[PDB]
Amino acid sequence: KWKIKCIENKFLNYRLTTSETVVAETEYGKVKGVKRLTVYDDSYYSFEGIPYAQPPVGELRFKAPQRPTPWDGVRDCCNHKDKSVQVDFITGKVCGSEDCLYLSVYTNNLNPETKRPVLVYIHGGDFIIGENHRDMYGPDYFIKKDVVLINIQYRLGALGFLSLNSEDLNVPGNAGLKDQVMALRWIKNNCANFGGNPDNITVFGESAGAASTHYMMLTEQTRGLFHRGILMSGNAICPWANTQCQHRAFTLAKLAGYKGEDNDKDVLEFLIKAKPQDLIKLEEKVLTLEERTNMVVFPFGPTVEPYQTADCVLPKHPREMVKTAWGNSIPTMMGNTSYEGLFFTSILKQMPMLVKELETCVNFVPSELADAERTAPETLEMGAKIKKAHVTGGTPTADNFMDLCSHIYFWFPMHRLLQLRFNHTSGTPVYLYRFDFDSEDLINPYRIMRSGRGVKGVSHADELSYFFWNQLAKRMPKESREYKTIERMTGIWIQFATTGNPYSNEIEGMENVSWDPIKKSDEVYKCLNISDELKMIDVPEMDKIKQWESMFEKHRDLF
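If you check the header, you'll see the entry was determined by X-ray crystallography and the resolution is listed as 1.35 Å.

As for its position among the elements, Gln471 is in the loop between helix 13 (446–449) and helix 14 (481–499). In sequence terms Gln471 and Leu282 are 189 residues apart; their C-alpha atoms lie 29 Å from each other. Setting aside chain neighbours within four positions, we find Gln471 in contact with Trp2, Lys5, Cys6, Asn9 and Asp135.

Next up on the list: helix 5 (residues 248–255). Every buried residue of helix 5 is listed here: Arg248, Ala249, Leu252 and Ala253. Each buried residue of helix 5 lies within a common arc of 145° when the element is viewed along its axis, so the set occupies one face. Just downstream of helix 5 lies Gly257, where phi reads positive at about 105°.

Look at the UniProt record and you will see "domain: Carboxylesterase type B" (unreviewed entry) annotated at residues 23–536. Overall, residues 23–536 shows 26% helix and 16% strand. The separation of its end C-alpha atoms is 45 Å.

For the rest of this paragraph, the subject is unusual backbone geometry. The backbone of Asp126 sits at a positive phi, close to 60°, despite the residue not being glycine. You can see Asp126 is positioned in the loop between strand 8 (116–122) and strand 9 (148–152).

Core analysis: the largest hydrophobic core is formed by 173 residues, its most contacted members being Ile187 and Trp493. It is helix 12 (residues 398–422) that provides the largest number of residues to this core, a total of 14 residues. Once you skip the residues sitting within four places of it in the chain, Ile187 turns out to touch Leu103, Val118, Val120, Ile150, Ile152 and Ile201.

On to the pairing of strand 14 (residues 526–530), then. Consecutive side chains of a regular strand alternate in pointing toward one face of the sheet and then the other. Strand 14 sits mainly inside the fold: four of its five residues count as buried. Direction of pairing for strand 13 (residues 430–435) relative to strand 14: parallel, over a ladder of three bridges. The partner of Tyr433 across the bridge, within strand 14, is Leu528. The turn joining strand 14 and strand 15 (residues 534–538), which pair antiparallel and follow one another in sequence, is formed by three residues.

Right, let's talk about the side chain of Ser459 for a bit. By secondary structure assignment, the location of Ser459 is in the loop between helix 13 and helix 14. Within polar-contact distance, the side chain of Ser459 engages the side chain of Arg450 at 3.4 Å.

Time to look at the packing of helix 5 against helix 6 (residues 264–273). Between helix 5 and helix 6, the shortest axis-to-axis distance is 10 Å and the interhelical angle comes to 50°. The angle between helix 5 and helix 6 falls in the class oblique. Relative to helix 6, the crossing made by helix 5 is left-handed. On helix 6, the residues touching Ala249, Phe250, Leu252 and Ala253 of helix 5 are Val267, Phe270 and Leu271. Here the contact of helix 5 with helix 6 is built from residues that sort into seven nonpolar, no polar and no charged.

Right, let's get into the packing of aromatic side chains. Applying the stated criterion across every chain yields a total of 34 aromatic pairs. Judged by centre distance (5.0 Å) and plane angle (70°), the rings of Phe343 and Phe344 are edge-to-face. Like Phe344, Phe343 is buried. Ring pairs connect the aromatic residues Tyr121, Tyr137, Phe142, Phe204, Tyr433, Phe467, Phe468 and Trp493, which therefore count as one cluster. Residue placement shows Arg75 over the ring face of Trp71; its charged tip is 4.2 Å from the ring centre.

What counts as what
Residues numbered from 1 in each chain as written, not as in the entry; some residues may be left out. Heavy atoms only, no water. Helix = DSSP H or I, 4+ residues; strand = E, 2+ residues; numbered from the N terminus. Contact = heavy atoms within 4.5 Å. Buried < 20%, exposed > 50% of the residue type's maximum accessible area, 1.4 Å probe, protein only. Arc of directions from axis to C-beta. UniProt positions renumbered as here; feature names shortened; annotations may be inferred. Core = buried A, V, L, I, M, F, W, Y, C linked by side-chain atoms within 4.5 Å. Pairing = 2+ DSSP bridges. Polar contact = N/O pair within 3.5 Å; in protein donor to acceptor, adjacent residues only side chain to side chain. Axes fitted to C-alpha atoms, helices over the stretch in contact; angles between N-to-C directions. Parallel < 35°, antiparallel > 145°, perpendicular 65-115°, else oblique. Left-handed = near helix turned anticlockwise from the far one by under 90°. Nonpolar A, V, L, I, M, F, W, Y, C, P; charged D, E, K, R; others polar. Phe/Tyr/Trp six-rings, centres within 6.5 Å; stacked < 30°, edge-to-face > 60°. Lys NZ or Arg CZ within 6 Å of the ring centre and 35° of its normal.

What follows is the structure, given as structure tokens:
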């Protein structure tokens, strides 16, 4: 009965609405926003449902986004628009709409042309769930400072990530990333109408939003569109962040009742006619046993596009794109939580047999090093290195499994990215943080997903509670450790967005911090560890990171 909780939150948001409205310009027409309160009695102007593309319906389904049609009059932006079609993470039922290509703009005062720092949040959700609704991403904490915060949506699932090899069909893939490109172009061209500085834009995101932010730093499509990036628990070279899905359109069509054969034209024609909820509901069945054994987790997502087009986002694997990426030359901050893999708590309680995967660890070997059968003696050798890093006793444990997950999915791809990126870049700084603040008094819905009630440890996504208001949040006393962490986390992100350096002597407990960026010559990474105190420390994960790297001793050119 999270349904009642959604109702109570809707009525809270009515009580936080004021009668004051304001009209702002966009390149396509005027928009009306509304002034809202927070539970802390701050206030901000809220513009939701600003279109940046034409609704991708009919023959626009699966295709790159088109510019929207301009309007006379004033478009109402005092309420949100639908999220992209997806399976509701709680109810299990399809929700959302194909008409989802919107962004929201928030700022405590509307002062056009006054060059406030702009922060752009790209949500996570594995490219299959998420939204910019304020029940998860309320701007209530950021608007305490004079920034412009923008939260985008983009197409999810098969509707965002279908990819077909046939050049004549112009469905090369990555429609959802092309949505992000269009939104970032809109932001550069329009943020000044909301008081934002088009010469000082920061893009940030968590989980798949971090992979997205990184993709937006890699692709030539966005060269020069923004000026700082923050990658929170992910990047574009994480193994979960891309997949070659060109063959899976036929499978999806067949699951949905398609009667034809495997050719892209006939498959596309069926998929264009299908109801969107039917396709999205069936996506969870698309992966094969062999794909799941090889730890492909999602059937549709960012892909290397099979041929070049004007709007192409990923012309090569992200590892190769790092070598020429424009975003290597902007200030960058990266980090993770102190127990990322706690995300898998509930999965391990449902299928305890997953721990048996740790006996040899062959399925965790990077796909570029493994054979498809996962039986080659070389693959077993490499699994043995993973097992040494994470199996503490005899029989592996669930905690060993969760520790391994922190590394395969977050820490090791971070390390690989840092080391690859050093071999390029103009010298621009990269700063590391580690979010290590544990509380059950201020939470967000991800804790429900992982059965995290009563569970100690700082899991994947727990930091979001200190950046965004959400419907499970509560007002915290000014003197509480949770309130102080809100101020610290938003404050550091705003400081970084403003100057490209995350340090400020005005943040409580940060005065005696010397936070240097990582150097090429560093053998041990240093990070700002954020707990009840702020302290620079050697990354505790370093030794296990180096053990993962040792898997590439015989394949250094692949590292």
